[PDB]
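Quick notes on the structure that follows.
Remember, it's 1-based here, ligands and their atoms both numbered in the order they're listed. For the numbers below, each heavy atom of this structure counts, side chains included, while hydrogens, waters and symmetry mates do not. Lettering of chains follows the sequences in order, A, B, ..., and the numbering in each one begins at 1.
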Protein chains: 2
Amino acid sequence: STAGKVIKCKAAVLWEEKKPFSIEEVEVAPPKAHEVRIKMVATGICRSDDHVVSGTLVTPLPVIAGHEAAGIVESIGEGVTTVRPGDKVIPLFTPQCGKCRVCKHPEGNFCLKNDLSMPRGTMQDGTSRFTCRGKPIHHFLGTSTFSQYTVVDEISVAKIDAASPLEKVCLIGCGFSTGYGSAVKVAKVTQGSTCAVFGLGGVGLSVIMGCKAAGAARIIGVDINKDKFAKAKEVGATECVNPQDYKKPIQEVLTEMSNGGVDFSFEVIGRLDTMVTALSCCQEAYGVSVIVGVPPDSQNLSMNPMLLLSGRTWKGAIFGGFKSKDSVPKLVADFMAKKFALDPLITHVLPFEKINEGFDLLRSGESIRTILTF
Amino acid sequence: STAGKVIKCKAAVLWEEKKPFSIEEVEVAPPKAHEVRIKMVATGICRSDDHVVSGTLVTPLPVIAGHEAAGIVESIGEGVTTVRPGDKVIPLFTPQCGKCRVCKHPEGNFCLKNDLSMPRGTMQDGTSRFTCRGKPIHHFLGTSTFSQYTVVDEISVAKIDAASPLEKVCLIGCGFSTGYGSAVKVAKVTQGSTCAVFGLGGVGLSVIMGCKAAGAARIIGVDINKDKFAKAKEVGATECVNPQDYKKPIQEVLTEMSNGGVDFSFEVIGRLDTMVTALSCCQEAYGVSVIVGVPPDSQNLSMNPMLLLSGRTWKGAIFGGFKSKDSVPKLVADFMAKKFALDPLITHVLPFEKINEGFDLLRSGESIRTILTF
Ligand SMILES: NC(=O)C1=CN([C@@H]2O[C@H](COP(=O)(O)OP(=O)(O)OC[C@H]3O[C@@H](n4cnc5c(N)ncnc54)[C@H](O)[C@@H]3O)[C@@H](O)[C@H]2O)C=CC1
Ligand SMILES: NC(=O)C1=CN([C@@H]2O[C@H](COP(=O)(O)OP(=O)(O)OC[C@H]3O[C@@H](n4cnc5c(N)ncnc54)[C@H](O)[C@@H]3O)[C@@H](O)[C@H]2O)C=CC1
Ligand SMILES: O=CNC1CCCCC1
Ligand SMILES: O=CNC1CCCCC1
Ligand SMILES: [Zn+2]
Ligand SMILES: [Zn+2]
Ligand SMILES: [Zn+2]
Ligand SMILES: [Zn+2]
């Protein structure tokens, strides 16, 4: 009943920074060639979405944010071959065009068609499918999931198992996959190893999940909020430390705890100081540190390159290093096959209309992931 | 005739920074338990030794520097089992104790007994074997090869082929192995890849050799001194670029030349800016950059962590990542079997007494490696 026609629906619009989201009616255009229009079913609140509100992350405003989600295809544009109406899907914030150098590389996932490096906030063709009170509204990472309906490019969507629990697997859209893959794929955590994880939110908990799956012997969680320790230990942490409890810098503490430094470290917060600290706490000759957290826009860190000269490996990744379109369906299948759990990450479930409350929860430290249901 | 007796010989003493070395008589004590006294045959002039003079590399003064060398064992102390008098040997600036956690790790090489991290300028026991004008003189990285005789700890010396040409294989003690290993072992350059090498001195040329051995398709040499291009090409560079020849930053140039960034980049100079430039020029999603150059003492670099977040891997290494005592004999055997060449690095030969002229040659940009003969 809506194919080919503009849909008027409810979405959460962010008109400017540091304001609450505005719940109102937007118009969503029909998909054009190689485009897919999706009816949202569930969406998670990730810290990345909050970064747009706080100014940590810069992307054109006004925008319909949201990128961790799942839904059902309402309609497809001409030339689409990978999904069909009625299919359960997950929008991919990192696309997989399959044609670029990165997509063709065995170890690359940061497809050149991404909207991250040089944020435009549109569709692949340079325009937007969203309007609110007569104004054009920007897209976010080619996803825009805080809406009852969205339109995405074909390369930014994956078809998933028809029997999937959308209220759970939306987390495969960002948080879980990012953390899990950062450990198992990017760091390539080894059996018997010692790991340190900075940040115990949804993404950090997922990193822990990965470290445990990889066979780590010790997994030290680090967070200034002690309230996040019980959940970390439930999912695999062997020890948790709060930097504020110590008189000395935490890198020193961790080095002592690990009898000379950890094998693998992970920055899952988004702070410059913690990125340097995490590098420092890994063993000087063979240690590996992975940056996951997003830094505040345009800001540079300062470090001594002797930390690397001795032998350390420092790397970062988007979406856990997973080639998005290939991996997402695979991950959903693994979850259906009980290979990992998602429930430990879900602390709150709210209706979409309560998005602001959901963000309040995140900002207060009370939640891990709030799932919004449409 | 000299066993168990103090040896009086000539050495090049550095009394203070930024002055010429003083060639004069020193007193070399006999080796203590697990110590080896070596009659030096040949030693190379590496930039790192110049860094001691310039204050770029901080180690206690007065000192007998020099660390890329080869000689013959004069005597051994009690308990030495790995070398015997008359053996040809190469001193190891990076030790291999074989007992620490790093030595036991499959990838690690920066043995915890090293004198680089917290320089003491002594033997393993905290004392010196050198006296000059009645004053104790410091050791350098446990080697001190700018002397007719030196004393080194057993874990800092390797026995090599009795037939080795010491005037050539002394380079396996530093320069060649560092560069070669940085490409083949640390970066693990792949067949068909595009590489960029910043710095075309002895070490950078060795990096090029390694890249070529590894099968790289393109090897782009970068240096502000064009006079260093011909030899770079000889050893394998496919292209050479002088950053001063351009209006753009060389990272932009290199990115354009490589159609999106290089596979592998190497910083083989020792500047904070080029370490960042080198990182920036490798592919944002799958690129790898290796720091080999030594940065000015206690200086911090500035960089945007988004360079890592996209997928880059940044790492550094000492001595090309080679476990020193295991690797050095092998490298010599390979050299003997013509697996790599050393002659392209040797531009000048001088007698030890002309150490200062050798340093002048390095500083003037005229030489690659000057080999000093005793
Ligand atoms: N690389 C990627 O592809 C992705 C990056 N991210 C980034 O990962 C980070 C984490 O995301 P979420 O788990 O959703 O965030 P979150 O806010 O739920 O978790 C962050 C945790 O860090 C802790 N923390 C804050 N300051 C700290 C400090 N100084 N020391 C120690 N702990 C501290 C907080 O208490 C909190 O538990 C964010 O920066 C997010 O933007 C998110 C997903 C994708
Ligand atoms: N990591 C390790 O184990 C080792 C590190 N090193 C370090 O490696 C570096 C290279 O050593 P060598 O080859 O002996 O030195 P070198 O001085 O012969 O070569 C350095 C080259 O860099 C070039 N250069 C200088 N400034 C430049 C700029 N702005 N842009 C481009 N090129 C520039 C010079 O013209 C020169 O050709 C030194 O810093 C040295 O201390 C050396 C040995 C072992
Ligand atoms: O959280 C989802 N995506 C993130 C990935 C890292 C850069 C900011 C956006
Ligand atoms: O050049 C030989 N050794 C170097 C290794 C890197 C730190 C300074 C000393
Ligand atoms: Zn692509
Ligand atoms: Zn996210
Ligand atoms: Zn050791
Ligand atoms: Zn050297």
Side-chain angles (χ1 to χ4, degrees), chain A residues 43-54 56-59 65-69 91-95 109-110 114-117 119 140-143 145 170-182 185-186 196-208 220-229 231-232 240-246 249-251 254 266-278 290-297 315-322 324 345 347-348 358-359 361-370, chain B residues 305-306 308-311:
Chain A
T43 191
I45 300 167
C46 165
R47 183 65 72 164
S48 287
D49 296 299
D50 182 64
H51 288 337
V52 176
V53 186
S54 77
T56 284
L57 201 65
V58 174
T59 195
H67 62 280
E68 191 182 69
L92 306 174
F93 77 80
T94 303
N109 82 319
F110 194 46
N114 76 83
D115 196 43
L116 181 55
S117 294
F140 182 50
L141 299 166
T143 55
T145 73
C170 47
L171 294 187
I172 285 159
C174 187
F176 172 82
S177 306
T178 294
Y180 198 77
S182 287
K185 180 190 221 79
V186 181
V197 186
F198 287 82
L200 309 168
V203 186
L205 291 172
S206 298
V207 167
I208 288 171
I220 308 170
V222 189
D223 206 304
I224 55 165
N225 181 358
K226 64 179 180 180
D227 288 342
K228 313 264 191 191
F229 296 172
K231 185 53 77 59
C240 289
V241 293
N242 175 353
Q244 331 171 111
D245 285 348
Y246 299 82
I250 203 68
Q251 67 198 31
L254 297 158
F266 303 85
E267 207 290 341
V268 202
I269 306 162
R271 301 179 45 100
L272 299 174
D273 68 294
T274 51
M275 280 167 198
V276 181
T277 286
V290 182
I291 307 184
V292 190
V294 173
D297 189 74
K315 67 214 281 199
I318 300 306
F319 195 59
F322 286 121
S324 65
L345 313 175
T347 55
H348 296 79
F359 275 79
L361 293 167
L362 180 66
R363 303 163 179 147
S364 70
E366 171 176 346
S367 57
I368 295 299
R369 282 302 201 255
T370 290
Chain B
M306 282 306 314
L308 294 171
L309 205 83
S310 54

Identify the protein heavy atom lying closest to [atom], giving its residue, its atom name and the separation to 0.1 Å.
atom                    : result
atom 19 (O) of ligand 1 : A/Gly201 CA, 3.5 Å
atom 8 (O) of ligand 1  : A/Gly293 CA, 3.7 Å
atom 20 (C) of ligand 1 : A/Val268 O, 4.1 Å
atom 40 (C) of ligand 1 : A/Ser48 OG, 3.6 Å
atom 5 (C) of ligand 1  : A/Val292 O, 3.1 Å
atom 30 (N) of ligand 1 : A/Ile224 CG2, 3.5 Å
atom 15 (O) of ligand 1 : A/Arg47 CB, 3.2 Å

* Could you pull out the N/O/S protein atoms under 2.8 Å of the Zn ion (ligand 6), ignoring any water? => A/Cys46 SG, A/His67 NE2, A/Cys174 SG
* Asked: Does the gap between the ring centers of A/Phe319 and A/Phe93 come in under 6.0 Å?
  -> yes
Looking only at N/O atoms, are [X] and ligand 1 under 3.5 Å apart anywhere?
X        : result
A/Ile368 : no
A/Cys174 : no
A/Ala317 : yes

* Between A/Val186 and A/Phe322, does a side chain to side chain contact (heavy atoms under 4.5 Å, CB included) hold up when you go through it step by step? -> CA-CA 9 Å; A/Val186 181; A/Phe322 286 121; over 6 Å; no
Test of understanding: given a 4.0 Å heavy-atom threshold, classify the contact between [X] and ligand 1 as side chain, backbone, both, or neither.
X        : result
A/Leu362 : side chain
A/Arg369 : side chain
A/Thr178 : side chain

Check: [Y] and [X] side chains under 4.5 Å, non-hydrogen atoms:
X        : Y        : result
A/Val197 : A/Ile220 : no
A/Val241 : A/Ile250 : yes
B/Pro305 : A/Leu272 : yes
A/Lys226 : A/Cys240 : no
A/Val222 : A/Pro243 : yes
A/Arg47  : A/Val203 : no
A/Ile269 : A/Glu267 : yes
A/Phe140 : A/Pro119 : no

* Give the single entry among A/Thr56, A/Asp223, A/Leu116 that approaches atom 34 (C) of ligand 1 most closely by any heavy atom. => A/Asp223
* Pick from A/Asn225, A/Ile291, A/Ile269, A/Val203: the one approaching atom 38 (C) of ligand 1 most closely through a non-hydrogen atom ->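 Among A/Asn225, A/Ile291, A/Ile269, A/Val203, the closest heavy atom to atom 38 (C) of ligand 1 belongs to A/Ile269.
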* Does at least one non-hydrogen atom of A/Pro243 fall below 4.0 angstrom from an atom of ligand 1? -> no
* To do: Please verify whether a non-hydrogen atom of A/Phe319 lies at under 4.0 Å from ligand 1.
  =>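 Within the 4.0 Å threshold, so yes.
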* Below 4.0 Å from any atom of ligand 3, which residues have a heavy atom? Give them in chain and number order, please. => A/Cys46, A/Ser48, A/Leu57, A/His67, A/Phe93, A/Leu116, A/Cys174, A/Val294, A/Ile318, B/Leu309
* Asked: Parallel under 30°, tilted from 30 to 60°, perpendicular over 60°: which one fits the rings of A/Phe176 and A/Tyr180?
  ->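 If you compare the ring of A/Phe176 with that of A/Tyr180, the planes turn out parallel.
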* Asked: In ligand 1, which numbered atoms sit nearer than 4.0 Å to a non-hydrogen atom of A/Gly199?
  ->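 Within the 4.0 Å cut-off of A/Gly199, ligand 1 contributes 21 (C), 22 (O).
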* To do: State, to 0.1 Å, how close A/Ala232 and A/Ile208 come at their nearest heavy-atom pair, and which atoms those are.
  => CB-CD1, 3.9 Å
* Structure fact -> In terms of heavy-atom contacts, A/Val294 and A/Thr56 come closest through O-CG2, 4.4 Å
* Asked: Are the side chain of A/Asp49 and the backbone of A/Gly66 linked by a donor-acceptor contact shorter than 3.5 Å?
  -> yes
